[PDB]
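# Close look at the chain arrangement
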Amino acid sequence: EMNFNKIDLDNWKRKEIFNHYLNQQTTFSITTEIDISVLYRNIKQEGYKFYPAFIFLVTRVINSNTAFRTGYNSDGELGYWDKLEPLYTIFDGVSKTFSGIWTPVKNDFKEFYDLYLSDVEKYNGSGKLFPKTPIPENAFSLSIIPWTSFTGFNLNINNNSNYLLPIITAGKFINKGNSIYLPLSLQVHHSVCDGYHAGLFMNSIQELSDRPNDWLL
Amino acid sequence: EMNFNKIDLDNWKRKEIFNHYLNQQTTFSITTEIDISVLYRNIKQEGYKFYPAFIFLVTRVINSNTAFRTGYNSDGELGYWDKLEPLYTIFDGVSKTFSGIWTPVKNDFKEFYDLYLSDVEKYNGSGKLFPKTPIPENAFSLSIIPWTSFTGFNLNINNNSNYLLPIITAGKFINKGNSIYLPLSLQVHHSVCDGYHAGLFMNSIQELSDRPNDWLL
Amino acid sequence: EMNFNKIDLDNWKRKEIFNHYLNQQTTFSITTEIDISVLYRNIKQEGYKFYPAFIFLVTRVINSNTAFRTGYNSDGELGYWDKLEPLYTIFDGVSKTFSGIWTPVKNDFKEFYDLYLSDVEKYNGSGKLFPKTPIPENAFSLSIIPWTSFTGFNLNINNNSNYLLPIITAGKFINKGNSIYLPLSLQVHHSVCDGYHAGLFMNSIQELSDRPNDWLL
Ligand SMILES: [Co+2]
């Protein structure tokens, strides 16, 4: 069970802004395009499938800043987890449905990649939305829409809750000559993520994509 | 009165996902740009006005998959209609206001075009938001914003309801040399439309735009 | 205290549409890219900082149409103010936090610029979200996200209120050769702003950006 660090709200420099946007129930989506040219050429050179490389990359960025890992646990306690695991989309080409499964990211990419591969074989095609349960509490949602690109994406979730963890959505590649771009939307809760943290997320994605030798190979 | 096919929720493969996103009240907007170069050149060659051609095109895509036609009727019953009619924007240049009217799409484009033309003459300039009533229940909203282009568009409708039908918004053309692009935002309810269906919508719009000889002429 | 013009709802041509979207609680965000090449070259030639020039520009557009200045005052009365003041983001590079402060725009740019400069010196680095209080009621929010560009941005504010004033968010410049583009998202309430008014806003921003000699110099 992942370590959960309970937050002392009265002794948090964010107390005012946290409570402000909690009462306003304020999240924002920010959509851009990541240049994945270097990343894609490297995964192709290695014969790695792109999706798990991208899942691993996103998870690394999530685990680089506690603002991306702050939420309420199942007992309603505010805190942040040491690391999150990705809850990511998989597709059943037959039944024409998708599922969400999770795979731990403990260390290096190859270790994750092998577990991703076996998890997809085990849990795809089940007819269940969540065939791999229980889902760990320290999880973030990573969705992909491989059938169309986009320049804007927003989720309207009017569910009476203040869910504080980041929500990530990626789209179909856009090719411009020798460049390959990945539509990417980040949706975060302003109680824990400011514009600054959104910029940190996208810039970190881009910087890691351009340095695959540092974490992939 | 359009035929409404009542859905047997207990015998629907989507039951789990439908109820999941109904409870979460989850919709999403996805914005992209359609290449309308071929479509526009063809409507210009024929001397057809672009807007009704586009209304007809969108309606054809809506009527190509039941996931785009699923909702609650006025008695609160879940089902899907055999076909939807467009409820589309018209503008009064004088009073500087807009209205929403609907025109049935029964068969071929020319038949629709003539009814569109007479409906616009009859119902524009009324000072009423909805001058043509009653509006049929089997209708979807198609809005246009011809004064500015956009790369993202989202409606925040916090209205206590689970409205399940697609919502479409188009923007001002973007010219890039010999290419013409149409900003297009699709906003759908995840209980009935997944990322897959959103991709199906945008790819169908693009494919039909590039083959106007197949449905327009 | 800014003059507030109370609206006679029963004698407003917008009564129907206003009440319609108030009950639906409908706002929309529309994101585009402004070509700021001319504006940026001019502020650079003068040695003016870009941000206050942009704040002044946005405020001029806000103060050009009453649809951008309509809201409820603190006594719950519907009306529109003669002018709004910007409530804009400032950043503390140390503590790594932001604040919102407001500076009146009474006349010419230089007058505003000098007050902006002194307000930033006085009120930055305070540790308070709103260090300059009371905030005037005739204020609109202008946020900047200078760390990343974007092509879509939406705020999901599920706060039980019908806040009717415009919300503006700008992103990091995008350079394309000799052109400089500014990501810009406008989020408005459909009770008081239609697609038309959104187009008026973006087109006015663009037109003023391209004619800085008219308001800046
Ligand atoms: Co929303």
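The rules behind these values
Residues numbered from 1 in each chain as written, not as in the entry; some residues may be left out. Chains lettered and ligands numbered in written order. Heavy atoms only, no water. Helix = DSSP H or I, 4+ residues; strand = E, 2+ residues; numbered from the N terminus. Rg over C-alpha atoms; globule rule 2.2 N^0.38 Å. Buried < 20%, exposed > 50% of the residue type's maximum accessible area, 1.4 Å probe, protein only. Contact = heavy atoms within 4.5 Å. Salt bridge = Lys/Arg side-chain N within 4 Å of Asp/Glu carboxyl O. Donors = N, O, S within 2.8 Å, 3.2 Å for Na, K, Ca; no water. UniProt positions renumbered as here; feature names shortened; annotations may be inferred. Buried area = accessible area lost by both parts, 1.4 Å probe. Polar contact = N/O pair within 3.5 Å; in protein donor to acceptor, adjacent residues only side chain to side chain.

- As summarised from the PDB record, the model derives from X-ray crystallography at a stated resolution of 1.80 Å.

### Digging into the overall build of chain A
- Counting secondary structure elements, chain A contains five helices and eleven strands.
- Against the compact-globule benchmark of 17 Å for 217 residues, chain A has a radius of gyration of 17 Å, which places it among compact chains.
- Over its C-alpha atoms, taken along the principal directions, chain A stretches across nearly 50 × 35 × 30 Å.
- Counting all 217 residues of chain A, 56% fall into the buried class.
- The long-range share in chain A, meaning contacts at least 24 apart out of those at least 6 apart in sequence, stands at 72%.

### Quick word on the pattern of salt bridges
- This structure, assessed with the given rule, holds 18 salt bridges over all chains.
- Salt-bridge contacts for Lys132 of chain A lead to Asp119 of chain A; the nearest nitrogen and oxygen are separated by 2.9 Å. Here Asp119 of chain A lies in helix α4 (residues 109–123) and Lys132 of chain A lies in the loop between α4 and β7 (139–145), a separation of 13 residues in the sequence.
- In this structure, the salt-bridge partner of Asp10 of chain C is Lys15 of chain C, at a minimum N-O distance of 3.1 Å.

### Some words on the environment of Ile167 of chain A
Residue and element names in this part refer to chain A.
- Relative to the elements of secondary structure, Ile167 occurs in strand β9 (residues 167–171).
- Under the relative-accessibility criterion, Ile167 is labelled buried at 14%.
- Distance from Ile167 to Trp12, taken between C-alpha atoms, is 24 Å for residues 155 residues apart in sequence.

### Considering the coordination of the cobalt ion
- Within the protein, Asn156 of chain A (OD1), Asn156 of chain B (OD1) and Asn156 of chain C (OD1) serve as the donor atoms for the cobalt ion, at 2.3 to 2.6 Å. Here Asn156 of chain C lies in strand β8 (residues 152–157) and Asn156 of chain B lies in strand β8 (residues 152–157), a pairing that spans two chains.

### Observations concerning the UniProt feature "active site" in chain A
- Per the UniProt record, "active site" is annotated on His190 of chain A.
- Residue placement: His190 of chain A occurs in the loop between β11 (179–189) and α5 (195–209).
- Every residue in contact with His190 of chain A, bar those within four places of it in the chain, is listed here: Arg14, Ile17, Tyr21, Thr26, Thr27 and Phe28 of chain A together with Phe98 of chain C.

### Examining the interface of chain B and chain A
- Between chain B and chain A, the residue contacts involve 30 residues of the former and 21 residues of the latter.
- Of the roughly 2,100 Å² buried at the junction of chain B and chain A (both faces included), carbon and sulfur atoms supply 51%.
- Interface area lost by chain B to chain A is led by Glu16, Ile30 and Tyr196 of chain B, which between them contribute 23%.
- At the junction of chain B with chain A, the criterion picks out zero salt bridges.
- Taken together, the links from chain B to chain A amount to 16 residue pairs in polar contact.
- Mapped onto the side of chain B that touches chain A, the elements with two or more residues apiece are α1 (15–24), β2 (26–35), β8 and α5 (195–209) of chain B.
- Of the residues forming the side of chain B that touches chain A, the biggest block, eight residues, is contributed by β2 of chain B.

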